[PDB]
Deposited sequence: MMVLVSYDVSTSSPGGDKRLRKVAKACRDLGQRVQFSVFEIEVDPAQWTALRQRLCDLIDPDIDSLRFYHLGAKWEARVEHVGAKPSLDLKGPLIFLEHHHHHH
């Protein structure tokens, strides 16, 4: 399943946390913007990755939002600008 992961990381140690989040996502998705990831995971993998993401961020100052994009999500996404 496709889960869109949007990471709003604070601007102290934030750069490291974004690096760690990107690394944790590397095998299971694509980093489509600086802090946005299109994650393709089955439910068990998502349980695992989600836990890691929760542990890697600082929930006091960062946030994560997760969106289930559904099937045929590729026809429902438009990119404008730099890649």
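Colleague: Counting from 1 along the deposited sequence, which stretches were left out of the model?
Modeller: Sequence ranges with no C-alpha atoms are 12-13, 86-104.
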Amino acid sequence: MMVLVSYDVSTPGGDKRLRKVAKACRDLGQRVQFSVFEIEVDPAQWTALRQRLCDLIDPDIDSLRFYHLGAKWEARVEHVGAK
From here on, numbers count along this sequence of modelled residues.
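Colleague: Taking the mean of the C-alpha B-factors per stretch from the entry, tell me the winner out of 54-62 and 30-38.
Modeller: Result: 54-62.
Colleague: Which is higher in the entry, the mean Cα B factor of 66-74 or that of 16-24?
Modeller: Per the deposited B-factors, the answer is 16-24.
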